[PDB]
$ cat data12.cif   # mmCIF, C-alpha atoms and all ligand atoms
data_target
loop_
_atom_site.label_atom_id
_atom_site.label_comp_id
_atom_site.auth_asym_id
_atom_site.auth_seq_id
_atom_site.Cartn_x
_atom_site.Cartn_y
_atom_site.Cartn_z
CA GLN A 1 39.66 83.21 2.42
CA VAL A 2 37.06 80.44 2.41
CA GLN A 3 38.35 76.96 1.59
CA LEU A 4 36.67 73.58 1.56
CA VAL A 5 38.90 70.51 1.31
CA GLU A 6 37.34 67.12 0.72
CA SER A 7 39.20 63.97 1.65
CA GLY A 8 38.43 60.33 2.21
CA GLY A 9 37.71 59.37 -1.40
CA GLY A 10 39.05 56.16 -2.88
CA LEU A 11 38.48 53.00 -4.88
CA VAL A 12 36.28 50.33 -3.24
CA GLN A 13 34.13 47.40 -4.35
CA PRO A 14 30.29 47.44 -4.39
CA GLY A 15 28.96 46.93 -0.87
CA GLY A 16 32.02 48.61 0.69
CA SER A 17 32.31 51.82 2.72
CA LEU A 18 34.09 55.17 2.73
CA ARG A 19 33.95 58.23 4.98
CA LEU A 20 34.32 61.65 3.37
CA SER A 21 35.53 64.61 5.39
CA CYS A 22 35.27 68.26 4.41
CA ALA A 23 37.68 70.53 6.23
CA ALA A 24 36.16 73.97 6.13
CA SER A 25 38.05 77.19 6.70
CA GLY A 26 37.60 80.93 6.60
CA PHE A 27 33.99 81.34 7.71
CA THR A 28 31.73 80.75 10.73
CA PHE A 29 30.93 77.15 9.93
CA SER A 30 28.21 76.66 12.55
CA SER A 31 26.09 79.49 11.03
CA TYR A 32 25.33 77.52 7.86
CA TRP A 33 23.71 74.51 6.39
CA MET A 34 26.43 72.42 4.75
CA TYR A 35 26.07 70.15 1.79
CA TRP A 36 27.49 67.29 -0.23
CA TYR A 37 27.02 67.21 -4.00
CA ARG A 38 28.37 64.83 -6.60
CA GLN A 39 28.92 64.63 -10.33
CA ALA A 40 29.75 61.62 -12.49
CA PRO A 41 31.60 62.73 -15.71
CA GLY A 42 28.66 61.62 -17.89
CA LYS A 43 26.02 63.29 -15.75
CA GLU A 44 24.73 66.48 -14.14
CA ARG A 45 25.56 67.70 -10.63
CA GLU A 46 23.30 66.13 -7.98
CA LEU A 47 22.61 67.13 -4.37
CA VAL A 48 23.50 64.21 -2.13
CA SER A 49 22.88 65.43 1.40
CA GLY A 50 22.56 68.49 3.60
CA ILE A 51 22.79 69.17 7.30
CA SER A 52 21.48 72.04 9.40
CA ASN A 53 23.59 74.49 11.40
CA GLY A 54 23.76 72.37 14.58
CA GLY A 55 22.96 69.00 12.97
CA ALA A 56 19.30 68.46 14.06
CA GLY A 57 17.97 68.63 10.48
CA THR A 58 19.20 66.49 7.60
CA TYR A 59 18.30 65.99 3.96
CA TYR A 60 19.22 63.06 1.71
CA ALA A 61 18.68 62.26 -1.94
CA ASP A 62 16.18 59.39 -2.03
CA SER A 63 18.76 57.14 -3.72
CA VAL A 64 21.20 57.36 -0.76
CA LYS A 65 18.73 57.05 2.10
CA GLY A 66 19.63 54.19 4.44
CA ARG A 67 23.16 54.05 2.97
CA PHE A 68 24.75 57.43 3.66
CA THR A 69 24.83 59.48 6.86
CA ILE A 70 25.75 63.16 7.05
CA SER A 71 27.17 64.62 10.28
CA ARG A 72 29.23 67.60 11.39
CA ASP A 73 31.66 68.73 14.09
CA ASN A 74 31.20 72.45 14.72
CA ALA A 75 34.50 72.85 16.69
CA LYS A 76 36.68 71.06 14.19
CA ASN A 77 34.65 72.83 11.46
CA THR A 78 34.39 69.53 9.60
CA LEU A 79 31.50 67.99 7.66
CA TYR A 80 31.35 64.22 7.16
CA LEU A 81 29.62 61.74 4.88
CA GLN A 82 29.63 58.10 6.03
CA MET A 83 29.00 56.06 2.88
CA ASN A 84 27.90 52.47 3.39
CA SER A 85 26.52 49.89 1.00
CA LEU A 86 28.25 51.59 -1.94
CA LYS A 87 26.95 50.98 -5.47
CA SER A 88 28.34 51.47 -8.98
CA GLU A 89 25.95 54.44 -9.41
CA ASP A 90 27.74 56.20 -6.51
CA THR A 91 30.93 56.56 -8.56
CA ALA A 92 31.41 60.31 -8.88
CA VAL A 93 33.46 63.27 -7.76
CA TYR A 94 32.03 64.36 -4.38
CA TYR A 95 32.02 68.03 -3.45
CA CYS A 96 31.26 69.82 -0.24
CA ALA A 97 29.56 73.18 -0.42
CA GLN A 98 28.34 76.11 1.56
CA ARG A 99 25.38 77.66 -0.24
CA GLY A 100 25.07 80.88 1.79
CA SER A 101 22.54 82.08 4.37
CA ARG A 105 24.65 85.03 -1.47
CA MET A 106 28.12 83.63 -2.33
CA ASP A 107 28.50 79.89 -3.01
CA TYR A 108 31.66 78.00 -1.99
CA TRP A 109 32.86 74.64 -3.32
CA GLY A 110 35.79 72.35 -2.70
CA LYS A 111 37.78 70.81 -5.54
CA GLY A 112 36.21 67.41 -4.83
CA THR A 113 37.29 63.89 -3.90
CA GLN A 114 36.93 60.96 -6.29
CA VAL A 115 34.88 57.97 -5.21
CA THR A 116 35.06 54.94 -7.51
CA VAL A 117 32.95 51.86 -6.76
CA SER A 118 34.22 48.99 -8.91
CA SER A 119 35.13 45.31 -8.56
CL CL A 201 39.69 56.60 -7.13
#

$ encode --input "data12.cif" --output "structure tokens" --more "lines below"
Ligand SMILES: [Cl-]
Amino acid sequence: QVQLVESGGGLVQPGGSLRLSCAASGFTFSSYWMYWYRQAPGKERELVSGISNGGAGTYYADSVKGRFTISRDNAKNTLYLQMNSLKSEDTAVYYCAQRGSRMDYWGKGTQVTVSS
């Protein structure tokens, strides 16, 4: 069975950093683009970042460019999101996802709270 498990969330002050990890299981990880999404309870789901099969291509929401960096380890089957220069607006549940090559797969999410 496919499973995605996010970790690395927490409570930090504006300007601080976190690193999210997404431990993937139960599929051929390196055959897929992998993604981070987020949702703040008041708001709609938003794509945060994506990374190509082997990592040469990346995509970022304009609002996270220069702050967040997506990367992956195709042997450890782990996706990462380095989050620097955190802002209040970044407070959200963060979810990793595989969106196929037609099934979608989602983790249960990790809470990031940016607050003084
Ligand atoms: Cl928290």

$ closest_atom_pairs --input "data12.cif" --of "chain A" --to "ligand CL 201 (chain A)" --cutoff "9 Å" --atoms "only C-alpha atoms and all ligand atoms" --output "CSV"
residue,atom,partner,partner_atom,distance
A:9,CA,A:CL201,CL,6.7
A:10,CA,A:CL201,CL,4.3
A:11,CA,A:CL201,CL,4.4
A:12,CA,A:CL201,CL,8.1
A:91,CA,A:CL201,CL,8.9
A:113,CA,A:CL201,CL,8.3
A:114,CA,A:CL201,CL,5.2
A:115,CA,A:CL201,CL,5.4
A:116,CA,A:CL201,CL,4.9
A:117,CA,A:CL201,CL,8.2

$ closest_residue --input "data12.cif" --among "A:66, A:74, A:6, A:61" --to "residue 30 in chain A" --atoms "all atoms listed in the file"
A:74

$ atom_distance --input "data12.cif" --atom1 "CA of residue 73 in chain A" --atom2 "CA of residue 44 in chain A"
29.2 Å

$ atom_distance --input "data12.cif" --atom1 "CA of residue 52 in chain A" --atom2 "CA of residue 16 in chain A"
27.1 Å

$ closest_residue --input "data12.cif" --among "A:25, A:59, A:67, A:18" --to "residue 5 in chain A" --atoms "only C-alpha atoms"
A:25

$ closest_residue --input "data12.cif" --among "A:14, A:27, A:35, A:49" --to "residue 90 in chain A" --atoms "all atoms listed in the file"
A:14

$ atom_distance --input "data12.cif" --atom1 "CA of residue 26 in chain A" --atom2 "CA of residue 77 in chain A"
9.9 Å

$ closest_residue --input "data12.cif" --among "A:1, A:101, A:21, A:7" --to "residue 69 in chain A" --atoms "all atoms listed in the file"
A:21

$ residues_around --input "data12.cif" --residues "residue 78 in chain A" --least-positions-apart "6" --cutoff "6 Å" --atoms "all atoms listed in the file" --output "PyMOL selection string"
chain A and resi 22-24+72

$ closest_residue --input "data12.cif" --among "A:88, A:107, A:71, A:42" --to "residue 55 in chain A" --atoms "only C-alpha atoms"
A:71

$ build_atoms --input "data12.cif" --residues "range 45-68 of chain A" --atoms "N, CA, C and O atoms" --output "JSON list (two decimals), in the frame of the given file"
[["chain", "number", "residue", "atom", "x", "y", "z"],
["A", 45, "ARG", "N", 25.40, 67.53, -12.07],
["A", 45, "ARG", "CA", 25.56, 67.70, -10.63],
["A", 45, "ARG", "C", 24.27, 67.29, -9.92],
["A", 45, "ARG", "O", 23.19, 67.60, -10.40],
["A", 46, "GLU", "N", 24.42, 66.61, -8.78],
["A", 46, "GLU", "CA", 23.30, 66.13, -7.98],
["A", 46, "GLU", "C", 23.56, 66.44, -6.51],
["A", 46, "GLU", "O", 24.64, 66.16, -6.00],
["A", 47, "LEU", "N", 22.58, 67.02, -5.82],
["A", 47, "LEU", "CA", 22.61, 67.13, -4.37],
["A", 47, "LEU", "C", 22.53, 65.74, -3.76],
["A", 47, "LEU", "O", 21.66, 64.96, -4.11],
["A", 48, "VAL", "N", 23.43, 65.48, -2.81],
["A", 48, "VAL", "CA", 23.50, 64.21, -2.13],
["A", 48, "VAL", "C", 22.88, 64.33, -0.74],
["A", 48, "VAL", "O", 22.04, 63.51, -0.36],
["A", 49, "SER", "N", 23.31, 65.32, 0.03],
["A", 49, "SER", "CA", 22.88, 65.43, 1.40],
["A", 49, "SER", "C", 23.14, 66.83, 1.91],
["A", 49, "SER", "O", 24.03, 67.52, 1.41],
["A", 50, "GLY", "N", 22.34, 67.24, 2.89],
["A", 50, "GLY", "CA", 22.56, 68.49, 3.60],
["A", 50, "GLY", "C", 22.31, 68.32, 5.09],
["A", 50, "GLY", "O", 21.59, 67.42, 5.52],
["A", 51, "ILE", "N", 22.94, 69.20, 5.86],
["A", 51, "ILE", "CA", 22.79, 69.17, 7.30],
["A", 51, "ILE", "C", 22.68, 70.60, 7.83],
["A", 51, "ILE", "O", 23.42, 71.50, 7.41],
["A", 52, "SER", "N", 21.77, 70.76, 8.79],
["A", 52, "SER", "CA", 21.48, 72.04, 9.40],
["A", 52, "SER", "C", 22.64, 72.51, 10.28],
["A", 52, "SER", "O", 23.53, 71.74, 10.64],
["A", 53, "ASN", "N", 22.57, 73.79, 10.64],
["A", 53, "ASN", "CA", 23.59, 74.49, 11.40],
["A", 53, "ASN", "C", 24.18, 73.62, 12.51],
["A", 53, "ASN", "O", 25.39, 73.43, 12.55],
["A", 54, "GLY", "N", 23.32, 73.14, 13.43],
["A", 54, "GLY", "CA", 23.76, 72.37, 14.58],
["A", 54, "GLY", "C", 23.56, 70.86, 14.43],
["A", 54, "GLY", "O", 23.86, 70.10, 15.34],
["A", 55, "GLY", "N", 23.03, 70.42, 13.28],
["A", 55, "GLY", "CA", 22.96, 69.00, 12.97],
["A", 55, "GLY", "C", 21.60, 68.34, 13.24],
["A", 55, "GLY", "O", 21.45, 67.15, 12.94],
["A", 56, "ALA", "N", 20.60, 69.08, 13.73],
["A", 56, "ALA", "CA", 19.30, 68.46, 14.06],
["A", 56, "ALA", "C", 18.46, 68.13, 12.82],
["A", 56, "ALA", "O", 17.58, 67.28, 12.89],
["A", 57, "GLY", "N", 18.69, 68.86, 11.72],
["A", 57, "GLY", "CA", 17.97, 68.63, 10.48],
["A", 57, "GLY", "C", 18.92, 68.07, 9.42],
["A", 57, "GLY", "O", 20.05, 68.53, 9.29],
["A", 58, "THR", "N", 18.43, 67.08, 8.67],
["A", 58, "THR", "CA", 19.20, 66.49, 7.60],
["A", 58, "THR", "C", 18.29, 66.35, 6.37],
["A", 58, "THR", "O", 17.05, 66.32, 6.44],
["A", 59, "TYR", "N", 18.94, 66.25, 5.23],
["A", 59, "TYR", "CA", 18.30, 65.99, 3.96],
["A", 59, "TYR", "C", 19.18, 64.98, 3.21],
["A", 59, "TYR", "O", 20.41, 65.05, 3.25],
["A", 60, "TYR", "N", 18.53, 64.02, 2.55],
["A", 60, "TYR", "CA", 19.22, 63.06, 1.71],
["A", 60, "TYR", "C", 18.48, 62.88, 0.39],
["A", 60, "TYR", "O", 17.24, 62.77, 0.39],
["A", 61, "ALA", "N", 19.24, 62.77, -0.70],
["A", 61, "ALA", "CA", 18.68, 62.26, -1.94],
["A", 61, "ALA", "C", 18.05, 60.89, -1.67],
["A", 61, "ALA", "O", 18.59, 60.10, -0.91],
["A", 62, "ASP", "N", 16.91, 60.61, -2.32],
["A", 62, "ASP", "CA", 16.18, 59.39, -2.03],
["A", 62, "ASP", "C", 17.07, 58.17, -2.29],
["A", 62, "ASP", "O", 16.99, 57.17, -1.56],
["A", 63, "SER", "N", 17.94, 58.27, -3.30],
["A", 63, "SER", "CA", 18.76, 57.14, -3.72],
["A", 63, "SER", "C", 19.88, 56.79, -2.73],
["A", 63, "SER", "O", 20.55, 55.76, -2.91],
["A", 64, "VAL", "N", 20.12, 57.63, -1.71],
["A", 64, "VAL", "CA", 21.20, 57.36, -0.76],
["A", 64, "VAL", "C", 20.64, 57.13, 0.64],
["A", 64, "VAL", "O", 21.38, 56.79, 1.54],
["A", 65, "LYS", "N", 19.33, 57.29, 0.80],
["A", 65, "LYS", "CA", 18.73, 57.05, 2.10],
["A", 65, "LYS", "C", 18.99, 55.62, 2.56],
["A", 65, "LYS", "O", 18.85, 54.67, 1.78],
["A", 66, "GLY", "N", 19.32, 55.48, 3.85],
["A", 66, "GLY", "CA", 19.63, 54.19, 4.44],
["A", 66, "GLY", "C", 21.05, 53.71, 4.14],
["A", 66, "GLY", "O", 21.47, 52.68, 4.67],
["A", 67, "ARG", "N", 21.80, 54.44, 3.30],
["A", 67, "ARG", "CA", 23.16, 54.05, 2.97],
["A", 67, "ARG", "C", 24.16, 55.08, 3.48],
["A", 67, "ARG", "O", 25.23, 54.73, 3.99],
["A", 68, "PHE", "N", 23.83, 56.37, 3.31],
["A", 68, "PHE", "CA", 24.75, 57.43, 3.66],
["A", 68, "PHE", "C", 24.23, 58.17, 4.89],
["A", 68, "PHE", "O", 23.02, 58.33, 5.07]]
